[PDB]
Amino acid sequence: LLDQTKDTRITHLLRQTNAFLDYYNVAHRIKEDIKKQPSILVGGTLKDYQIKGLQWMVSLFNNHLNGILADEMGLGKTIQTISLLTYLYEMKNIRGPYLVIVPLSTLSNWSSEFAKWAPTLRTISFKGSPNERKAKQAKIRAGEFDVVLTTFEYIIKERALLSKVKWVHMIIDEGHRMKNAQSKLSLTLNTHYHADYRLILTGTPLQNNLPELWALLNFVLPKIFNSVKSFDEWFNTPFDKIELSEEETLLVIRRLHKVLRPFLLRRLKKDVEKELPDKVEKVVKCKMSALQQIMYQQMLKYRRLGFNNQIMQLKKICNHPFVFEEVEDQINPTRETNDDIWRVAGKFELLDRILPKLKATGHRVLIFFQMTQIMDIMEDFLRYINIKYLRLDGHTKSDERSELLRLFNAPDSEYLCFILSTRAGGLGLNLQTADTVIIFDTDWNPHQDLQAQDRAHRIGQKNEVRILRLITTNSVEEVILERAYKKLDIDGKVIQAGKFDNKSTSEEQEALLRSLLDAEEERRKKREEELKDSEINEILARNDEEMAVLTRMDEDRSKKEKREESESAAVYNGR
Amino acid sequence: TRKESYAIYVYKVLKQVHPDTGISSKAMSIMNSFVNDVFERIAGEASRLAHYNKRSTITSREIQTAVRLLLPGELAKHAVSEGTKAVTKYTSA
Amino acid sequence: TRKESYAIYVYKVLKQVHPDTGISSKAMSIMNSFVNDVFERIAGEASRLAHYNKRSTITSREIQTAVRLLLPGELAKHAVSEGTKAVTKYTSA
Amino acid sequence: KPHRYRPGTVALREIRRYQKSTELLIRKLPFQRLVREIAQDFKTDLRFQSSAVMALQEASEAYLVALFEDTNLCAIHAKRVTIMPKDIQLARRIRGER
Amino acid sequence: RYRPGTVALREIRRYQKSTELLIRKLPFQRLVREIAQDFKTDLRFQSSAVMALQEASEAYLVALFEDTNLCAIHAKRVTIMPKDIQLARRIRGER
Amino acid sequence: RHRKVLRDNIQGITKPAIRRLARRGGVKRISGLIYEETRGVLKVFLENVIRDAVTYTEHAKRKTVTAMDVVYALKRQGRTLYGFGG
Amino acid sequence: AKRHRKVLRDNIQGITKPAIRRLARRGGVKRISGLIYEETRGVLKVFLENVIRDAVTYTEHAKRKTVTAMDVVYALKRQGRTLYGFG
Amino acid sequence: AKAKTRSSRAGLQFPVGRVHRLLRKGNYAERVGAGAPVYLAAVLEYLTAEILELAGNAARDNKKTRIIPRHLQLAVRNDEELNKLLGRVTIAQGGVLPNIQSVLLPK
Amino acid sequence: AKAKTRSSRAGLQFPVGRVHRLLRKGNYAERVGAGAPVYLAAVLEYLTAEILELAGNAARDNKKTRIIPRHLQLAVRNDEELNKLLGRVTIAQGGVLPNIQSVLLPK
DNA sequence: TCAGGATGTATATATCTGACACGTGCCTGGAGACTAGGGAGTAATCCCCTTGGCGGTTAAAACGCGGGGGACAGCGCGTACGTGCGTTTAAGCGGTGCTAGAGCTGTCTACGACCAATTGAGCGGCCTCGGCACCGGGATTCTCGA
DNA sequence: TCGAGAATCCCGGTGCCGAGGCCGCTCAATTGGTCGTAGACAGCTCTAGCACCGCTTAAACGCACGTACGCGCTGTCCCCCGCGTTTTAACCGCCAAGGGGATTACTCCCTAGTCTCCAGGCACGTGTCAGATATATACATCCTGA
Ligand SMILES: Nc1ncnc2c1ncn2[C@@H]1O[C@H](COP(=O)(O)OP(=O)(O)O)[C@@H](O)[C@H]1O
Ligand code: BEF
Ligand SMILES: [Mg+2]
């Protein structure tokens, strides 16, 4: 069929490797493995994952070939990049110039690991004023350095400055920022300079839609950049389940496996450790006060009316009112910390419910948000709760991100919770000190949902992770949840097709056929409150003694010693 | 040769407004040149509206629009009322 | 669908004026909307001149007149010259 | 004291500066939110081609510019150099815009 | 003898009351014929026409003096002056 | 059978008349220089209107300006005139 | 403020003091009085009410919900302000 | 085959037929709709009704039985709406609204 | 039966044919004369020749090779004739003639 | 503030007459019946241009402080303007007589509207490089004090 | 009237993307007939325009005098500019979704015809009264004195 890809592109493997600069051999032809860490590494431990992946990517450089790292999360891409350059240029000693471009959330982090996890290879950063960037730009302008460290846009702005210099091996992080080649960053990189080597570090493959997997594999290697246009309706065929999935997904997806073997690299935590405390993934449900539910039924303010993107309007009122001054005006005239703040929604009511257990067992918590404003009312809500929290969000400031990181990493931290921004989640921190993670809202793409989802269980996690999603029943938001794991079925034939291919196994893929297909069939079965402390205690408390220490919380929320506002929003939202 | 005008019509409407009042010849001339004028404005607008959409046909809906462009405010509202009512009653029979 | 314009024509005349000069896209848009505009003024005048005399036919003589109404002074004189000459040379062959 | 021009010289230096160039003098997003607001009242849920909003901006800036040339003529007429509200309200009263 | 300015107001009421044409005919008609000599020659005017010109022109000058008056009052003078007019025409855009 | 070639007839507009007009417009106290200016203004205005009228006339193969033609010249410049027809 | 925003100002305050002041500076104005600002917001808001009113009308006539460029060009072309360059 | 006039069917006093003739033979568009004459005629009726009504009221306030150009002048210039409509118009025999500026009156 | 374009016969650069089409299908009059397209096209040619010529001169005086809206603005507003013609027009990207009143300059 | 008095303004009463409101005969433009066909209405379809929001940066906006320049208030002067009068004249109103041309009708006829055959002028996509933005550094100038 | 110093032009190098030149694909412009009609032109009236004159007088003109307003001046107080510093919202780059703006195909009924009557609306008389127009009377109103 496309077998000219197999034979022609294996001889073309010879072409890239030698000429340009069972696939386990010919593409990998130059072989080696070493368990002995590089001499520059200071104060570190070797698990086997960054070893196997280590000499696999290092093998790709010996093959003079690039790749993508598809691995899960928490696998320490930092350390693989450190062992990467420190080992390569511990050998070659050439040591430069080479640059990495990392998320603005993680910068002083990278500077930290570069501090304690290797002294010999130093770098240079870009932050703050164009004045400080003047000092280091003219200072080290002359090109005396080991490595360039930058961030996303400063390569665009500084591009005039730092583009005039030659490059060989470049590294990016959070590759899913790339996506389109028409996105400005990519095409700048192309016009920017030329480095013979590249890489992509990420926590997931491309979007469910997967048009741009073309673009990726353009940026990965010479392979497909000539013929790009044609394959669309063939490869998209995965997007008579036996016949449809059989012809479409089994034929072409098998094809792509046989293509995708020498690219992506991944495993799970149980592979490297088994220290993962549990599957540590659960959810819950809720219900919203009918006050605004009546508005969902009628929607005669919503449909023809100034309002717009009424879905976005929903997600705004799905979460919580007080987004608009009048809510507080005809509702809470003094905007003081007040009741019906927590009684308006189920997230705030059952959130009150989980509070005493929160502080009770003291296990810490992360709360994430898709949209900004909500964190404000949440902050006021903690201002009533009085148990302290950090507020982190995009664009807040520059280096107080780092300062807050320090405030967290202190083992004595009294404030248990604090807030992040999903879009800025982006590996923006490392957390070993907490267990519980709570997500809100919608997150139209799961890759970020799972992205923040995985911050909890971390290498060296001594706690046992519990996770819950806050969704209210009988609402558009659980509809979008539906659509979300619908896209878990979409990528289940894509990124669950792309994930398991590392050493090019044999029967594991049919293990995912039978057992995974039992999972998709299980949600086919699926398609076609907890107010009592008993339930929530059970799902949360991780041992019977934890169940017992929650009896001290039975003395208040259990023991314990409307329409007007909708006529106000109907008249005054009656425009 | 007969030179037509709107005289007698204006005169009727007058009699349905102020049964007493007479209207001097000069004033009748003015009201004449008026009605011709306003007519040219409206049919002008309806014309090049029929043009900007590349329709070939002046219809009621244009005339309604053009009337809503020329006449300020209240005259627009009432005039639209008069028109709509009149057309309706025209179609009834 | 093709949206016609006067671009290439303006460009020719340019080349017969300033052989060097190029003309940016935006400027070409302006000159376009210009020529369409002036055209609408002139054919407008020639229209309702053909109307006030109850002729049914726009002819050269109207266009000459309308040109003498719109264009101030010297533009009127020269423009009339251009026209007359052009028509003449048209009839010669 | 630091080097300080007499009042009025910074002014002229501006006037040359701006009358030299073509830039749009009103920052976009304020203006676009302005237009959308004003259009809420007539019909609802309109969508503007960005080229349109550019059109409004260009017109309106040309209108206000004309208005200030004329107002300036009035203020100079009164032997003041400082335009004032009654100067404007005059200018619009003369053009016939009221 | 009235104080200066009272005869003025008494006029202003008088004229703003009535409709009469304010320019004696034959001067105006000879004016028009003169101005028309230059364009074509040997024209004949329907007297109704000359009436038309007179009515227009008087309405134009009347407007012009209302506006000029607005300017003179603006300057805190009561007496219209040439630069007042030349202003008014400069604002309307007639130059 | 003859045509006297005219001059200095704009003097036909006389200081008393212009004082009447100015009175109608609400002007209170006229300066003494307004007169020469006004004669300038008027002469401009009539120059335009009469040249357009004459144009229409030339077009229709007539030697006779007519009220219709003036009314069209005024409608043309943007000052509409009512009562004389058209 | 911090807790709840309540920082919504207004749209028409979007045109600012120094912006208006720049417009004047292009006009030739030398020294601007302090009251002119609220005024010029007045003028501007009127002008926009007119033009936009007409453009909206044209649009509703064609059954489009998209106010285009050709339409604004027509509204202005109607009030006598004719604009060039947009088609 | 009895005849009944389109004005009568309409309930209007303007000659719908005559309008339709004008719209056709003025070269406004190629094809004139069937409702357009009716609608337009209605409009013209309305406007003339306004101007006449106001005028008559004015003449009555001058105790004249008939409407004369002065009364059209006043009925048009007092009403602010029509004033906005007719603002460019010079009415024959017009006169002016009686108007006197503030500063001119004696102390 | 060899073909030759009416522009060529005319000696003009505007597409006489296209003009004739517009005059017919715009409903200006019922019947368009045969000379009218030619004559009109000649006129348009002349005017565009003027504006372009002046503009080019202006750009050359700014030492720019190409004509940009600013140069149309200046070529139109300096020429007094066209200024009279275009006086109601708002040119995009326009700018203004550099203008400073007498009294503003220092002593 | 109060008054005499002249001045112009508005009030009541005959009268005069030409403009209007109406009645009649006449005839052309409207109305009604009938036919076709093409333009507009509506369904189907798809993709791009719009909208909404967030991150991240930095140039502009807001704030405020001082001080120099100008708006405004009053005063004094003298000259240009209004008012009243007597005098002159050109407008106005009415007649007369002439006739140039505005305006209509009766001929034909060049000529412009169609309609069918035919093809290249112009249009959209797509290369592809130089004019212009633009930075940077240098030199030259224009507005302030001592 | 000489320095300082903050703008502003100028030379040179860089890069980059928008003008411009090039090619194949149409459809709109030619050609070339025919045929119905506006209009071109001659021929007639008969009307309103021009020219002139004579007679009346309301208005325009020249002038004299008094006066109040235009205008220059000075002072004074305040408020808008220029500058620096802290803040924030615009701006450019992302991310997404979905909905109106496009097209195309098909149908159906509305309107342009066309022919046949026929009464509304127009020219033209005709009587009669609403508003000038004229005399006489009463009264507000401004000016100047007090
Ligand atoms: N060999 C190791 N020994 C101890 N901890 C490790 C090791 N490798 C990784 N980690 C843990 O991984 C974390 C850093 O992971 P990170 O580089 O952020 O992962 P990724 O880059 O894959 O998202 C550190 O907190 C560290 O505790
Ligand atoms: F960035 Be890894 F998830 F700690
Ligand atoms: Mg990473």
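Reconstructed Cβ throughout: ideal geometry from the backbone, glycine too, with neighbour counts over all protein chains shown. Only the coordinates and a few stated rules stand behind these numbers; no lab work does.
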Practice task
Please grab the % of Cα pairs in chain A that end up more than 48 Å from each other.
Solution key: 18 percent
Problem - Two-decimal ratio, region D:2-98, of alpha-carbon radius of gyration to 2.2 N^0.38 Å - result: 1.41
Practice task
Let me have the 222 nm mean residue ellipticity of chain A computed from DSSP H runs of 4+ only, each contributing -39500 (n - 2.57), with the sum over all residues rounded to the nearest 500.
Solution key: -11000 deg cm²/dmol
Exercise for the section: Provide the percentage of antiparallel DSSP beta bridges, counting only those with both residues in the protein assembly as shown; round to the nearest 5. Expected result: 0 percent
Handout entry: Integer Hz, Karplus 6.51/-1.76/1.60 couplings in order for region H:10-15, x for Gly and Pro
Key = 6, x, 10, 9, 8, x
Fill in the blank from the handout: For region A:184-201, in residue order, the Karplus 3J(HN,Hα) values (coefficients 6.51, -1.76, 1.60; θ = phi - 60°; whole Hz; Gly and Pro = x) are 4, 4, 4, 5, 4, 3, 5, 5, 3, 8, 9, 10, 4, 10, 9, 4, 9, 10
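Any of A:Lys6/A:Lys274; E:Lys83/G:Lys45; A:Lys223/A:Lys499; A:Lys166/A:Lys503; C:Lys26/I:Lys63; B:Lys3/H:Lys2 with alpha carbons more than 25 Å apart? Name them for me. Provide the component values of the computation, followed by the final result.
Numbers: A:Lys6/A:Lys274 37 Å; E:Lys83/G:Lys45 32 Å; A:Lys223/A:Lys499 20 Å; A:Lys166/A:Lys503 35 Å; C:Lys26/I:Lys63 19 Å; B:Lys3/H:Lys2 30 Å.
From the list (A:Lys6/A:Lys274; E:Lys83/G:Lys45; A:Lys223/A:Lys499; A:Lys166/A:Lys503; C:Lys26/I:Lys63; B:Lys3/H:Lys2), the Cα-Cα distance tops 25 Å for A:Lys6/A:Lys274; E:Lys83/G:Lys45; A:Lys166/A:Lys503; B:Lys3/H:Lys2.
When every alpha-carbon pair in chain C is counted, what percent end up more than 19 Å apart? Display every interim value, and only then the final one.
Values: 2459 of 4278 pairs.
Pairs farther apart than 19 Å: 57 percent.
Which value, in Å to one decimal place, does the Kirkwood hydrodynamic radius take for the protein assembly as shown when every pair of different Cα atoms is included? Could you put the intermediate results ahead of the total?
Working: mean 1/r = 0.0257 Å⁻¹.
Kirkwood hydrodynamic radius for the protein assembly as shown: 38.9 Å.
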Completion exercise
So, relative contact order of chain F in percent, Cα under 8 Å, 6 or more apart, is 18 percent
Completion exercise
Whole-number value, in Å³ per residue, for the convex hull of the alpha carbons of region G:1-86 is 160 Å³
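Hey, got a sec? Which trypsin sites (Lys or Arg not before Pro) in region H:70-106 land in a DSSP loop and have at most 15 other Cβ atoms within 10 Å?
Those satisfying the criteria are H:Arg88.
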Exercise for the section: Run through the other copies and list how far each one's label point is from that of I:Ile100, in nm with one decimal, shortest first; the point sits 7 Å from Cα along Cα-Cβ. Expected result: 4.8
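Just to confirm the filter: which trypsin sites (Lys or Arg not before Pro) across chain C are DSSP coil and have at most 15 other Cβ within 10 angstrom of their Cβ? Kindly include the intermediate steps, with their values, before the conclusion.
Numbers: sites: C:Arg2, C:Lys3, C:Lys12, C:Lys15, C:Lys26, C:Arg41, C:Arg48, C:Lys54, C:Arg55, C:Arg61, C:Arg68, C:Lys77, C:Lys85, C:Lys89; in loops: C:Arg2, C:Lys3, C:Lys54, C:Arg55.
Taking chain C and a limit of 15 other Cβ atoms within 10 Å, the loop trypsin sites (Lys or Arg not before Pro) found are C:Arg2, C:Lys3, C:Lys54.
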Handout entry: Long-range Cα-Cα pairs in chain I (distance over 22 Å), rounded percent
Key = 54 percent
Practice task
Could you grab the relative contact order for chain H? Cα pairs under 8 Å, six or more apart, rounded to a whole percent.
Solution key: 17 percent
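State the three equivalent ellipsoid semi-axes of region A:198-322, derived from the C-alpha gyration tensor as the square roots of 5 times its eigenvalues, in descending order and whole Å.
Calculated on Cα positions only, the semi-axes equal 41, 24, 18 Å.
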Practice task
Filter the chymotrypsin sites (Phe, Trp or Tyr not before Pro) in region A:363-437 down to the DSSP loop ones having no more than 16 other Cβ atoms within 10 Å, then list what survives.
Solution key: A:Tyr415
Exercise for the section: Please name whichever of D:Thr44, D:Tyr18, D:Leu67 sits farthest to the positive end of the charge dipole of chain D, dipole taken about the Cα centre and charges placed at Cβ: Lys and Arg +1, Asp and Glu -1. Expected result: D:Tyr18
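Considering only Cα-Cα distances, which of the following residue pairs are longer than 32 Å: B:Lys77/E:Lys76; A:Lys279/G:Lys6; A:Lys241/A:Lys285? Don't jump to the answer; show the numbers that get you there.
Values: B:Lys77/E:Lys76 43 Å; A:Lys279/G:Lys6 43 Å; A:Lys241/A:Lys285 30 Å.
The pairs that break the limit, which is 32 Å between Cα atoms, are B:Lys77/E:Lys76; A:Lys279/G:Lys6.
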Exercise for the section: Report the charge-dipole magnitude of region F:14-86 in Debye, nearest 20, computed about the Cα centre from +1 at each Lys and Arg Cβ and -1 at each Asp and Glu Cβ. Expected result: 380 debye
Problem - Sequence-distant residues sharing a close amide H with F:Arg29 (under 5 Å, placed H) - result: E:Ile80
Completion exercise
A correct Stokes-Einstein calculation for region A:1-92, using the alpha-carbon Kirkwood radius, 10 °C and 1.306 mPa s, returns a whole-number D in µm² s⁻¹ of 108 µm²/s
Exercise for the section: Find how many whole Å separate the alpha carbon centroid of region I:1-57 from the alpha carbon centroid of region F:32-86. Expected result: 31 Å
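Going through the cross-link list D:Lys20/D:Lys86; A:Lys164/D:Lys28; A:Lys116/A:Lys270; D:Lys43/D:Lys86; A:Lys359/A:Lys462, which pairs have a Cα-Cα distance over 24 Å in this structure?
From D:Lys20/D:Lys86; A:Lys164/D:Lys28; A:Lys116/A:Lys270; D:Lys43/D:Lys86; A:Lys359/A:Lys462, over 24 Å: D:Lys20/D:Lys86; A:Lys164/D:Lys28; A:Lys116/A:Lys270; D:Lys43/D:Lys86.
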Completion exercise
Evaluated at 10 °C and 1.306 mPa s, the Stokes-Einstein D of region A:353-431 based on the Kirkwood radius over Cα pairs, in µm²/s, stands at 119 µm²/s
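Using +1 on the beta carbon of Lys and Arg, -1 on that of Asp and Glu, and nothing else charged, what's the dipole of chain E about the Cα centre, debye to 20? Don't skip to the answer; put the middle values down first.
On the way: 19 positive and 11 negative charges, 100 e Å.
It comes to approximately 480 debye.
Can you show me the helix-derived [θ] at 222 nm for chain E, built from DSSP H runs with n ≥ 4 at -39,500 (n - 2.57) apiece and divided by the number of residues, rounded to the nearest 500. Working shown, then result.
On the way: 4 runs with 64 residues, N = 95.
Computed ellipticity for chain E at 222 nm equals -22500 deg cm²/dmol.
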Exercise for the section: Would you pull out the residues with amide H under 5 Å of A:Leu468's amide H, same chain only if 5 or more places away, H placed 1.01 Å from N? Expected result: A:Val437, A:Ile439
Problem - Estimated distance in nm for a label pair at H:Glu53 and I:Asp79, the labels positioned 7 Å out from Cα along Cα-to-Cβ - result: 5.3 nm
Fill in the blank from the handout: PRE zone check, label point 7 Å out along Cα-to-Cβ of H:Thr5, amide N under 15 Å, scope region H:32-60, hits H:38, H:41-42, H:45
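Compute the FRET efficiency between I:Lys63 and G:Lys17 as 1/(1 + (r/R0)^6), taking r as their Cβ-Cβ distance and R0 = 51 Å, and round to the nearest 0.05.
Values: r = 37 Å, r/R0 = 0.73.
For I:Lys63 and G:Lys17, the calculated efficiency is 0.85.
When A:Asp443, G:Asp54, A:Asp48 are ordered from fewest to most other Cβ atoms inside 10 Å of their Cβ, what list results? Write down the numbers at each step before the final one.
Numbers: A:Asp443 23, G:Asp54 20, A:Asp48 12.
Least to most surrounded, the residues fall as A:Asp48, G:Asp54, A:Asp443.
Defining a contact as two alpha carbons under 8 Å apart and six or more residues distant in sequence, what relative contact order in percent does chain B show? All intermediate terms of the calculation are to be shown ahead of the outcome.
Values: 40 pairs, mean separation 16.3, N = 93.
Reported relative contact order: 17 percent.
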